[PDB]
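Engineer: Residue 1198 is where the sequence shown starts when you use our numbering, and the numbers rise one by one after that.
Note that beta-carbon positions come from the ideal geometry of N, C-alpha and C, so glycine has one too.
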Amino acid sequence: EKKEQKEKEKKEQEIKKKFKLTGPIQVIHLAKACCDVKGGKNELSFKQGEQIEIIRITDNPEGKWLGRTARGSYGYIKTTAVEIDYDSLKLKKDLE
């Protein structure tokens, strides 16, 4: 199907230039932002229990990863602001 552009908000337009995700991006892991976080202008405006996905493991000076909420907001993440799991790539919590 046309799973190329989804266009949810007006946010992904910007993030494609700002964080540079212009094109096809894949998840590296599944994060879940915890707690009350800084979440500034470069960061994702997420929250505690926010189901975000990180698409980019950045080594870039920001010292942040590139994540996105299920709400369609992409942002940098302090690696401490989220719970980064490898489990969530498979989801083996139930495992049935």
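Going by C-alpha to C-alpha distance, which of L1286, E1250, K1289, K1261 sits closest to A1228?
Structural biologist: Among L1286, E1250, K1289, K1261, the Cα nearest to that of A1228 belongs to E1250.
Engineer: Since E1247 and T1266 are thought to touch, with beta carbons under 8 Å apart, how far apart are those beta carbons, to the nearest angstrom?
Structural biologist: Confirmed, about 6 Å.
Engineer: For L1227, does the three-state DSSP call read helix, strand or coil?
Structural biologist: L1227 falls in the strand class under three-state DSSP.
Engineer: If you count every other CB in all the chains shown that lies within 10 Å of the CB of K1261, and 16 or more means buried, which is it?
Structural biologist: The residue is buried, with at least 16 neighbouring Cβ atoms inside 10 Å.
Engineer: Anyone know if the C-beta pair for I1222 and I1252 falls short of 8 Å?
Structural biologist: Contact flag set, yes.
Engineer: Hey, how far is the Cα of residue 1297 from the Cα of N1257?
Structural biologist: Outside the modelled stretch of the chain, which goes from 1198 to 1293, sits residue 1297, for which no answer is possible.
Engineer: Quick one: what's got a C-beta closer than 8 Å to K1207's C-beta in the same chain, skipping five residues either side?
Structural biologist: Cβ neighbours of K1207 beyond the five flanking positions: none.
Engineer: Considering only DSSP beta bridges, list what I1252 is partnered with.
Structural biologist: DSSP, once it has assigned bridges, lists no residue as partnering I1252.
Engineer: Here's the rule: buried if 16 or more other CB atoms are within 10 angstroms of the residue's CB, otherwise exposed. What is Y1283?
Structural biologist: Result: exposed.
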